[PDB]
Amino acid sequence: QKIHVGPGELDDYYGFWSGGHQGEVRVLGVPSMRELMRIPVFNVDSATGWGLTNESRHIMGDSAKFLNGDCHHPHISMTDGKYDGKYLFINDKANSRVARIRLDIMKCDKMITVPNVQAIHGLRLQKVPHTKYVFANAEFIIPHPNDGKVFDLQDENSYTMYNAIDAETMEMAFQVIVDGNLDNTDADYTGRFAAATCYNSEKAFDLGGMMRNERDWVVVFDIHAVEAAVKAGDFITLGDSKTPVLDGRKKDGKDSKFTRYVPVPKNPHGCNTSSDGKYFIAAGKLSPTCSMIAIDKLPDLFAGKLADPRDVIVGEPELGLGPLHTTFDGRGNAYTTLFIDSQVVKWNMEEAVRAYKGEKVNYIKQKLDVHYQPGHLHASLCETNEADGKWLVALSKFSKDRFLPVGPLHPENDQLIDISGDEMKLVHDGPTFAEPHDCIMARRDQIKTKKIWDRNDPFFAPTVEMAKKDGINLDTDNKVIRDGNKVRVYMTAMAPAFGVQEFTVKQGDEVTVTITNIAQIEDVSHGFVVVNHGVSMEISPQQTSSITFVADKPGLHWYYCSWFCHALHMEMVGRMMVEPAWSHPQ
């Protein structure tokens, strides 16, 4: 398997890395492991202006006031259990959001703050018949309402919820109240079932409390039952949110129609659907095991045909210390990170099942040392029925001595491992910033990107509507619109000249600058920076972008094009002249 990509060669896969607490999404080439692009999401990007521009702040909504995010879990939309390459979704644990990235323009195009919850952690997508729902875990138990009268996690109105978002509209679809809490989640290959791990069945807030129970569980959701209750109007709402809320808690030991709780040791973490659709596999973490839930026993479980929820468990292999996550080669082997033992363990799922029935058999095939303390791992196409068994990435949390010293803060070590054969082979150590937790790979032919924007793209359609009210034709006009103490500058941009090279305003005016890059070539980006005003944005071919700032300083203020576009790029500049306040009405 080609390991190195030389000058002029292309990578064979796209990799989409979470940015962790840095808040962006990163696009890598695999197997070179080089970063090809950064996609700002919850971070503020000085380069493109994401978080500064009107278009990006419109997408972020009120959450544009936050300059931080914490993302863990990127996933690609699917149709019939295969990537369709339309969208990538990712969580924000810090400010309780889900974001959608359009993979044709490689930008976040939608973002939602999940109502009535704290901390969106686990996230994964419906596989079949396609990604109708984005499933997302809120990790922390809170009071409802959370108005400061009740703080007790044991109150009957303290709980967290499972969250389903409509992938296409990026509006909430429903929420399910659960017992305990929620960690990671995955979905089956039928559309009926989803599952999530819980580690705080104790509803405690201290370390010892959260470890009290020998088993927590994975909670299984019957989405068909949830949808049926929603259509029937059998739901409630919380606070000011219209999201249908269904109650998936037990009451007096009796199960709800929406959930079943399978006892699983212990503070389990990863929750991974095998690529043959057979199992939800939960990583035992504090228990040295994984628990294998037979998806084809779930209908019987929900129909009272089983005596004990544990009856849906058909394997519980002992693997090593600190199992966190599992992935799949598509040849019937699973791969699990051992955080404490600092290894990846390769094991055969069907032999673990046979061992659980007492048939003594060694289901462990190999243990590979990684460096060090691995969290997530990802095999190429593992989340689809096309799992190809070629590449594996294990994302480790302590790199110690594997890279040059760079001070007290160390990079992470994401190691690329060749799994095309019987023996796992460590091939590359990839240092990364800010703790990517998880990543996802896609074949090159599964991603189709645009090189020039469409003029009707929804990303800036609101800006086009604003332009229309001013009588502006964005493709041709270079005009300064005045409206009280607001100034709206509309210009075209074409290397190496701004279409409006100077304009004059009053001190204190609120200035919006809208720029349309009227170029037709590829890779001809322009920028716009106003010196000493904290103003910066990108405009790529056929894109319209805009930004708003207050001209709070009298005098002459230069603006310039930031994106090197030309031999005369140093010279693509303009001037904003600000008349002093003492010369205008006080």
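Numbers follow the displayed sequence, beginning with 1.
When the two stretches 61 to 69 and 529 to 537 are set side by side, the higher mean Cα temperature factor goes to 61 to 69. Per the PDB record, of the two stretches 304 to 312 and 364 to 372, 304 to 312 carries the greater mean B-factor over its C-alpha atoms.
Which of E465, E383, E502, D147 has the largest Cα B-factor in the deposited entry comes down to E465. Across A136, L153, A99, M491, the greatest Cα temperature factor reported in the deposited entry is at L153. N456: CA B factor lies in the middle third for its chain, per the PDB record. When all modelled residues of the chain are sorted by CA temperature factor, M572 is found within the middle third. Per-chain ranking of the deposited C-alpha B factor places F564 in the highest third. The entry lists a Cα temperature factor for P265 that places it in the middle third of the chain's modelled residues. The deposited CA B-factor of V176 belongs to the middle third of values across its chain.
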